[PDB]
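**Q** Please see the structure below; I have some questions.
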Protein chains: 2
Amino acid sequence: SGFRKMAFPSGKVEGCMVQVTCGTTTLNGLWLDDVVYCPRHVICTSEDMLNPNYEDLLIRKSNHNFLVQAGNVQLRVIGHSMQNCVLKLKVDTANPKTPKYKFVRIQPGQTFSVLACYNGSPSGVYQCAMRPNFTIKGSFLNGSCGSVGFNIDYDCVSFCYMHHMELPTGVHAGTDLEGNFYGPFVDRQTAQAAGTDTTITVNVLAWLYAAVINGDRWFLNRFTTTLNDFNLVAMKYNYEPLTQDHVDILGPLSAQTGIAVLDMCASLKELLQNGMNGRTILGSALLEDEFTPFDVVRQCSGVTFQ
Amino acid sequence: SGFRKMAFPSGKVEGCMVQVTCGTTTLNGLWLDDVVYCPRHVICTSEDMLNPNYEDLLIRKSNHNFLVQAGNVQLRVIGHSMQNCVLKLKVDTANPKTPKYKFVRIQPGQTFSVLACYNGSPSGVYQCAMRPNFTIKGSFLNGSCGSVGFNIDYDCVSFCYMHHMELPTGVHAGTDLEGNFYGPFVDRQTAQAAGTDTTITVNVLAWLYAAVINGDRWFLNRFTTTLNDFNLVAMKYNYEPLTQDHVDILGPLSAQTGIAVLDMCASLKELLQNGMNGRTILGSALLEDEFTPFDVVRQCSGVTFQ
Ligand SMILES: *[C@H](F)C(=O)N(C[C@@H]1CCNC1=O)NC(=O)[C@H](CC(C)C)NC(=O)c1cc2c(F)cccc2[nH]1
Ligand SMILES: *[C@H](F)C(=O)N(C[C@@H]1CCNC1=O)NC(=O)[C@H](CC(C)C)NC(=O)c1cc2c(F)cccc2[nH]1
Ligand SMILES: [Cl-]
Ligand SMILES: [Cl-]
Ligand code: NI
Ligand code: NI
Ligand code: NI
Ligand code: NI
Ligand code: NI
């Protein structure tokens, strides 16, 4: 019982975090085998980031210019190469703490844990969703660049995010570990605007199923709705349209609780139209959209990681 | 920018989790140096658990009765003793991954990270506060017994909680690492009521400072208040009394934002009297009370752990 914003255990990722310094710029890198992955931003001076020619700037950089520190040990850089917005520093030592890992590009509406780091040391861990507008609502300060987002499945770390940018609205933007941004963002010292965001309907439904699993059932009503009638309400409240693919993904939670997906949609319609009337769901006064169906099953079934 | 429920990185604690089995009962243990700490519940069979005489049950146990597994390695138990509600199993091997550590008993309002575990393997990490009623709002399933709660200062892990019980309202009770329960609770199979809970006033004020640090300051009014006049209002909304110690603990945040503690108290007094009127603070429609003043500084200044 209980339902919390639950992060993956961070130890497998902690063992990969290093400090990268080039000239006056220090940020985080990810050390996997004999490669350190970091934001290519690290090579730039102030006047470089005007409209930086990374091909031209990197040609001028020595392996010797990169200072890479794994705790109290300097790692020697023996080669460098750029992949999109990520710099790959080849080092002379393979990280003995490298976990089984993959690089994955996640979809909007999926979640991941962030290990927020400064000077290659961890500050903390929290859960994030990739928003429909390809931002995340992170917690990041100066020097957080190169902090990563990840999921774990059994023993395998799937890295999905490397932190680069804060927008003026105070939300965050970054890349996958192939250095391709999520969304229409660039790695520049500029004020950049995100598209309009939307509420992740399938996740709100997942969280209402979590509430039912945890015995918070007051919002359940006797009403049912069609998918079309529900979507006419979704649109008005800036919720994403619920597809049959989403209904299919909620199958397992519907089967666990005995509440048909379109019956839960009727309860969500009532909450959108009428509000909560002073009540809370899983301790929240708002409808939560940063838990996936899989996040709910993970937490409610006690899935562990080896 | 941003403000998240942020846990400590869990790696140092992950390296201490083991499985303890006595007969048919399996739960989690904490392996520090050559001692494994676990709930004494592990020595109960069926129809021991409703009114166990733990002293009598432990007399009948041999060292070999305790199966302790650290991953796929079995640890040899060479002694056992009971301290309050915790079992101390002396093993013939010191844990090479033992961090610098202390055992501390925390006060209501203090927060900590929980590494929820099953069969000695971590499921996830989240933040909890010790509630005024000496419960915690965790996320725990069957077999979570012996999961621990902790803080990190620099490199020192302060363990403050070991999980034992779920209460009827779906909240949680457990002990310090000396085996003394927080609150009136006992390690027995019986429904045990938590006291009516209250709001942690010093933490709400800390979170209002986090809001101001993040440029969310709509709720700041042009008034001040005395500590007396504030408490007269607090006590009508099920808030904890604010003390001068609370005021001084909030001093650094007051210094950072230029808002005197008593001026912030006047803004909180107006939020209690008038409500939030559909407005949000740091993305919440409720006043959040599970961040301490140190939690806000750690997160907003990027404090790291080595
Ligand atoms: C890089 F080292 C780093 O840590 N960050 C993290 C930002 C800092 C504050 N909170 C964060 O998440 N990245 C940067 O500082 C970005 C560097 C670029 C070149 C990748 N810059 C920005 O995020 C940025 C610049 C800028 C601006 F010029 C105007 C408005 C907003 C803005 N954001
Ligand atoms: C012990 F191994 C363990 O994992 N748990 C964790 C509980 C399980 C469900 N969620 C949790 O947090 N502890 C127990 O199962 C407790 C064992 C005792 C004997 C120490 N029992 C309870 O937590 C319990 C028993 C009980 C009851 F009989 C009525 C109402 C509530 C209640 N909780
Ligand atoms: Cl006792
Ligand atoms: Cl106001
Ligand atoms: Ni439960
Ligand atoms: Ni040199
Ligand atoms: Ni900021
Ligand atoms: Ni004995
Ligand atoms: Ni044997």
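Counting begins at 1 with the first residue displayed.
For this deposited structure, the header notes the method as X-ray crystallography, 1.6 Å.
Using N, Cα and C of the backbone, Cβ positions are placed for all residues, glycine too.
Checked Swiss-Prot, it gives:
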- A:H41: active site, for 3CL-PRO activity (ACT_SITE)
- A:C145: active site, for 3CL-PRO activity (ACT_SITE)
- A:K5: ubiquitin cross-link (CROSSLNK)
- A:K90: ubiquitin cross-link (CROSSLNK)
- A:1-306: domain 'Peptidase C30' (DOMAIN)
**Q** Hey, does DSSP put A:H41 (active site, for 3CL-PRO activity) in a helix, a strand, or just coil?
**A** helix
**Q** Among all protein chains shown, how many Cβ atoms are found within 10 Å of the Cβ of A:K5 (ubiquitin cross-link), not counting that one?
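**A** Neighbour count, Cβ to Cβ under the 10 Å cut-off: 21.
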**Q** Which residues, sitting 6 or more apart from A:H41 (active site, for 3CL-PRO activity) on the same chain, put a CB under 8 Å from its CB?
**A** A:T25, A:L27, A:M49, A:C85, A:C145, A:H164, A:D187
**Q** Give the helix, strand or coil assignment DSSP yields for A:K90 (ubiquitin cross-link).
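**A** Where A:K90 (ubiquitin cross-link) sits, the three-state DSSP reduction gives strand.
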**Q** Are any of the recorded positions A:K5, A:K90, A:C145 near chain B, where near means a Cβ under 8 Å from a Cβ there, and if so which?
**A** A:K5
**Q** Which has the fewest other CB atoms in a 10 Å radius around its CB: A:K90, A:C145, the listed recorded positions?
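**A** Sparsest of the recorded positions A:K90, A:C145 by Cβ contacts within 10 Å: A:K90.
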**Q** If you measure A:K90 (ubiquitin cross-link) to A:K5 (ubiquitin cross-link) at Cα, how many Å is it?
**A** 36
**Q** Taking ligand 1 as the reference, state which of the recorded positions A:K5, A:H41, A:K90, A:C145 have a Cβ closer than 6 Å to one of its atoms.
**A** A:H41, A:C145
